[PDB]
Asks: 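The structure that follows is given in the form of structure tokens.
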Amino acid sequence: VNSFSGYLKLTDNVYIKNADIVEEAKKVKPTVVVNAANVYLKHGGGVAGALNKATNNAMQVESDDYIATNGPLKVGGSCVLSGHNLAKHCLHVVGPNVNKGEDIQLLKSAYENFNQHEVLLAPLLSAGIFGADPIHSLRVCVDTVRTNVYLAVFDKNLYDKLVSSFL
Ligand SMILES: O=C1CC[C@@H](c2cccs2)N1Nc1ncnc2[nH]c3ccccc3c12
């Protein structure tokens, strides 16, 4: 039993909800919140901009130190940093950005990072401003993640489309 509330069960381990991941993180304080990161951990917009703003820019400060020490992430890669006031940990995961020409086949590699964590609150990777089809992203998530994932979908219209079209 966990503290997540109001989710639709899609499969044994994948759940989905129409919600703002920031407010969901602030309420649940999950062990792991996933950020829709880029390789430079520059959290300007989309999910990343929203998570960072909610931390009063502490996420960005921590991230800049991480990059100064380690260099950029790989597309498809991840790193574990603090969750600040939102979660115990933030798993920054780099889905491919279609608006940069990155290979959508890397989306599966991105979701594989979730399997290192027993339970996660997450957005759909590569959706939104990363330019991929959210229906496809959900399919890859379901077919790749084996741990317990709670997906927050900000757009109410999009959520209903994902559910109604889910196979
Ligand atoms: O609903 C989806 C599906 C793909 C993804 C993206 C859409 C555009 C770029 S990325 N998204 N957005 C969000 N996901 C989680 N929490 C969110 N809180 C919000 C508060 C205001 C506005 C949007 C969101 C939002």
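All heavy atoms count here, side chains included; hydrogens, waters and symmetry mates do not. Read the numbers this way: they start at 1 and go in the same order the structure lists the ligands and their atoms. The residues of the chain are indexed from 1 along the displayed sequence.
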Asks: Show me the pairs that pass salt bridge (charged side-chain N to carboxylate O under 4.0 Å, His left out) and involve residues 24-44, at least two apart or across chains.
Replies: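 Sorted pair list: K17-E24, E23-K26.
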Asks: Among all residues two or more places apart in sequence or in another chain, which pass the salt bridge (charged side-chain N to carboxylate O under 4.0 Å, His left out) test with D65?
Replies: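 Here no residue qualifies.
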Asks: May I have a table of the N/O to N/O pairs between ligand 1 and the protein that fall below 3.5 Å, each row giving the two atom names and the distance to 0.1 Å?
Replies:
| residue | atom | partner | partner atom | Å |
| --- | --- | --- | --- | --- |
| ligand 1 | 1 (O) | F154 | N | 2.4 |
| ligand 1 | 1 (O) | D155 | N | 3.1 |
| ligand 1 | 16 (N) | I21 | N | 3.0 |
| ligand 1 | 18 (N) | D20 | OD1 | 2.8 |

Asks: Hey, mind stepping through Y111 and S137 against side-chain hydrogen bond (donor to acceptor under 3.5 Å, both in side chains) and telling me if it holds?
Replies: CA-CA 9 Å; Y111 275 119; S137 182; 2.7 Å; yes
Asks: Are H43 and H92, when compared by the centres of their aromatic rings, separated by less than 6.0 Å?
Replies: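 When the ring centroids of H43 and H92 are compared, they turn out to be within the sub-6.0 Å range.
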Asks: Who pairs with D160 by salt bridge (charged side-chain N to carboxylate O under 4.0 Å, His left out), at least two apart in sequence or on another chain?
Replies: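 With sequence neighbours excluded, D160 shows a salt bridge (charged side-chain N to carboxylate O under 4.0 Å, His left out) to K156, given in chain and number order.
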Asks: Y150 vs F4 aromatic rings, parallel, tilted or perpendicular, using cut-offs 30° and 60°?
Replies: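 Ring orientation of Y150 relative to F4: parallel.
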